[PDB]
């Protein structure tokens, strides 16, 4: 192998949003000998793999975009407000084409192991094919929502049909027309598939373990007026977006739902309902919706009244009504609840009627057979830690990341890990809960500036255990003051049997994150030893 034996300054793991910019920064902007690695055959990460029907971003294309190339930031002709998967993938390919990244990426190359060599001051990487690559620094951009999860029901051998994984959709597009199709899952992926295929399949069986509080997305044209605002001052727009908590293209509300009149609550929620977008409904309306049960109930009572008015069959309306708080990743899709009024859609509550096993012709659900041609798993991810822990990662004195993270992840600022020198993450665990591209850019700029500083001397970046544990503690405390603390979902690991259930996010928003990180940088990179 020509790769075998290669010696790099920087290895970038991943060629999604994070890895592409990380590689551009170290190779093109900083002039380092750097290459990327991805098990995918091309760039795009998320947008390369998730080719399922209806896949689309929930962040407006004004903010789900790079800003580092100011020409593309102001002039890329996004076709609509919320870009579909193919368009995002096309954009990432155009970025990689323009900046010569593909020639510096080793595609179809999975990193199986990385081991710190203290005397050599290098990381030794082993690919799945057994090739050895060394790098002074590793920038790990393997994604928080990249390790697919799907239950394996008994007797799959008996089933004559197809079982598809939405997050690793087949490269040859499946034929769904006229078929009996089951969808397992009603998170963001499931609701996109459901609304995309309901009028194409012969019959759609929605296998719903837990309904969530869906609001409209507001699919529509690209906001020309925001783009005019950007062109006055694209850096100012970028900086404004980063100053918000979620970086979703709006200012979060500072008004408590409980300090206004009932008429104002109704006005605000109706306005947000017509505007669309789940993050806006949860955060642009009032300030305390995911904080107190009383405020949360004003929002869910509103959504419940919509469900009841839309869904013709009352029992179906009740099955679509969650019992949990509105305290998961907020969901949005257009014409969602109306789907259940179709004569070819059946909703199954598979908490009350569990999926028991496969049969020859379908699936057993609460004691009755549901005949299926196709079963689509929209079941999410071993989130946050899944793909980090798939790389055997050996740090100082042989310490294994698998052991360090045995009770949950521990990391400093979502970018470094104590006992793993010169290993930097893009948007790792304990990052802020934000839209990702503009925040990836900010983090990449922060960590590559640390690399450049390290390269002026010894070339060693170590992170303090105490700083890491204090960062983790701040994230735990922030979660513990919200309803996310008492609402199980992938956000706290509860969706994976056996997985530690714990806080894994910084909860102060991007504005608060940057303030903390800038204070750390100003205090001679407190918690880092460079």
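Numbering follows the first chain given and starts at 1.
S.K.: Averaging CA B factors per stretch from the PDB record, which one is higher: 206 to 214 or 344 to 352?
M.R.: The deposited B-factors put 344 to 352 ahead on the C-alpha mean.
S.K.: Report the stretch with the higher mean CA temperature factor, choosing between 36 to 44 and 463 to 471 on the basis of the entry.
M.R.: 463 to 471 has the higher mean C-alpha B-factor.
S.K.: According to the deposited entry, which of 115, 270, 131, 87 has the largest Cα B-factor?
M.R.: Top of the list by C-alpha B-factor: 131.
S.K.: Using the entry's values, work out which of 140, 199, 324, 262 has the largest Cα B factor.
M.R.: Highest C-alpha B-factor among the listed residues goes to 199.
S.K.: How does the C-alpha B factor of residue 279 compare with the rest of the chain: lowest, middle or highest third?
M.R.: It falls in the bottom third of the chain.
S.K.: Check where residue 11 lands among this chain's C-alpha B-factors and tell me if it's the lowest, middle or highest third.
M.R.: It falls in the bottom third of the chain.
S.K.: Split into thirds by Cα B-factor across the chain's modelled residues, where does residue 81 land: lowest, middle or highest?
M.R.: Middle third of the chain for residue 81's C-alpha B-factor.
S.K.: State the tercile, meaning the lowest, middle or highest third, of residue 180 with respect to the CA B-factors recorded for its chain.
M.R.: Ranked within chain, residue 180 CA B lands in the lowest tercile.
S.K.: For residue 153, return the chain-relative third of its C-alpha B-factor as stated in the PDB record: lowest, middle or highest.
M.R.: Ranked within chain, residue 153 CA B lands in the highest tercile.
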